[PDB]
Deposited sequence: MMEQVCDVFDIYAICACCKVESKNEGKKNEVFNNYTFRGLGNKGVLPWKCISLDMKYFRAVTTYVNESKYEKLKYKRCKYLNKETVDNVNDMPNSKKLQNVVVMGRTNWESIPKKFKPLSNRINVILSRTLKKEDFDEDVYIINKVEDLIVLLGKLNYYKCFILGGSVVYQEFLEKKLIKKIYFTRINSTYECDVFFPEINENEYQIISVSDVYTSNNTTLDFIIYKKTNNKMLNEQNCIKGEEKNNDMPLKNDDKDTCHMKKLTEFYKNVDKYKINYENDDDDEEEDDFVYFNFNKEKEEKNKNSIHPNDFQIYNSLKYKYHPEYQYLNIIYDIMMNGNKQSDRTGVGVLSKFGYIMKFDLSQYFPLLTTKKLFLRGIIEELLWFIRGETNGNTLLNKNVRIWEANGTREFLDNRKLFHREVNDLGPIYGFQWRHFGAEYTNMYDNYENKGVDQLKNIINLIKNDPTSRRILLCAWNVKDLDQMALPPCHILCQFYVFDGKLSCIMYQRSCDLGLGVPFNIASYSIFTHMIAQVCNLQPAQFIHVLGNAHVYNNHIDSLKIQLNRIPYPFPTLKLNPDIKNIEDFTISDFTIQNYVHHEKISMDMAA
């Protein structure tokens, strides 16, 4: 209750530490090294630090000072925030910075005296002397800045109301570590957008201690005709519904799953499996700040990169993929699947004029997967690259795989109908339109595929990737993914990884598997969607 009275919070920034790894909240625990911060400088976290440790709402202080006085059984107290540091933490701060501007500076030490310090720079000897000092002060909120020992003992005494935790998604050498937060005591309630600052991704999470209104009526009136549809239970998404602010871009995906589960229409499909379906969604991912590889389950990327490279080569030979143990297309190339497609005269694993053929040879007559198609058909891929380089404000930079004439000769019609690209201020955005979206299994791979593809096109055009924009047409959750996706919805995302391409690759056809590196992929446990 003390932490509720005096509004005592922790704020920290933790990196990953040098040692299939297992990831959990304690993965981010690196506080310092050699008396200083483990990283060189992360200025977005510092901006966030100053905004949090200095923000004050005077219009809410009267209620706070009222509550503090009543608790002390006083009527008067005898506007800034309080910041509390350990002595080691106070020493490491450069002299130019000290004392922390517009903050009431409090050092918890056992070898200091106010006689070496200011009148306004307070020193306390034990933790309980802060509760005394706060009772005598006028302050909005009290922030505990560390370090490790200060965090440890404040936390063990349940003196912390909330933990403002920056997750630094890179690994450094550390010799002091944030204490493990007991998830029975504290639970994550808000997660921020993902950012890039100083060559690392980071995000901001909030741990919580566990336990004109004239126009507000008009809101109810305009809701008078509202319906909450399906046999999914609210109590199953407890963690998901308990979160207040879900700004992490992975919630763009997770919110669509929840929407389809709650409001999807029950329908059959070819496999008789049954789906919940909705029609029409857009997701947007900021490739300049992160690589949107889902973190609430484990995803593998080798297969889909090879598939992309196989596309760019113009290949339609499934064997090429199968010999690399990339089996994305195997079921679509069997004798039985082709026969059921009425492709009686198609060789096994000859998928016909699918993506690769349309990207490099749209309009050419397909014969078989071994034929030579050099200079036959429209080379869309080359054309869009040249439009991007030479006519970047063109509204006609489209790459289309839905060749209406060839659909029946394909093993199956493409789910990814087209990409359209957009260039502004030397930056490349790409929209992909998908007609059919397996949310549980297919869509997570599809976001990665076209996010990688957007990086590749941008690099060979000497542009920076900006946004990948994903338009979902028939968007469905297979009934046999529902249990698994319920598990997934209650996992809290980690800060996204980043993608690195070999910078020397300046032509779209020159990438190989080794030119792609995923960095700092922190993820929850893998999940079998069909359990």
- prompt: Can you list the gaps, in order, where the deposited sequence has no modelled residues?
  reply: 1 to 3, 23 to 28, 88 to 97, 231 to 282, 299 to 302, 607 to 608
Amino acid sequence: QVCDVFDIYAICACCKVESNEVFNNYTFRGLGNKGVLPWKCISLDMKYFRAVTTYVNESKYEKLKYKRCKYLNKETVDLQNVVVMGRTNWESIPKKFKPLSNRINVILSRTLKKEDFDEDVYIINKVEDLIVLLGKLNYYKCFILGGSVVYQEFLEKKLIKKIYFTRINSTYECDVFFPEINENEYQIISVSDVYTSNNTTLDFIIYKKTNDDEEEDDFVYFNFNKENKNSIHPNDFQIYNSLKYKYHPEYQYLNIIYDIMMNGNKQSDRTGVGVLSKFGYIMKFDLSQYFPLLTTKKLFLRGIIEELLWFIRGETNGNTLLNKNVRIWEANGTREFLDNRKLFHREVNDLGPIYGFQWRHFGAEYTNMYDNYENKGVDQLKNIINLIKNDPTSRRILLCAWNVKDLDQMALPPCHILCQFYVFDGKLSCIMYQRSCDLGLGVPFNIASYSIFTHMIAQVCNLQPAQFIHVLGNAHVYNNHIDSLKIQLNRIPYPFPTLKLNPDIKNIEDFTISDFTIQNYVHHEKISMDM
From here on, numbers count along this sequence of modelled residues.
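Superpose the two forms; the largest set of C-alphas matching within 1.5 Å is the rigid core.
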- prompt: Between 383 to 391 and 120 to 128, where do the CA atoms move more in 8 other deposited structures of this protein, taking the root mean square over the structures and residues after a core fit?
  reply: 120 to 128
field: Core-fitted comparison in 8 other deposited structures of this protein, 93 to 101 vs 167 to 175, farther C-alphas
entry: 93 to 101
message: Is it the case that, in at least a third of the other entries compared (those modelling both flanking residues), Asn211 has no coordinates?
response: yes
message: Counting only other entries where the flanking residues are modelled, do a third or more lack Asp78?
response: yes
- line: Ranked by mean Cα B-factor in the entry, 86 to 94 and 347 to 355, top stretch is 86 to 94
task: Between 172 to 180 and 200 to 208, name whichever shows the higher mean Cα B factor according to the PDB entry.
output: 172 to 180
statement: Listed options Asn225, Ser242, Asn138, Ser192: highest C-alpha B factor recorded at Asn138
statement: Comparing C-alpha B-factors across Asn105, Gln289, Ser451, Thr295 in this entry, the winner is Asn105
task: Determine, from the deposited record, the chain-internal third of the Cα B-factor for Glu119: lowest, middle or highest.
output: highest
query: Where does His361 sit by CA temperature factor within its chain: lowest, middle or highest third?
result: lowest
statement: Among the modelled residues of its chain, the C-alpha B-factor of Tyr61 falls in the third labelled highest
field: Relative C-alpha B-factor of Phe445, binned into the chain's lowest, middle or highest third
entry: lowest
field: Chain-relative CA temperature factor third for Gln467
entry: lowest
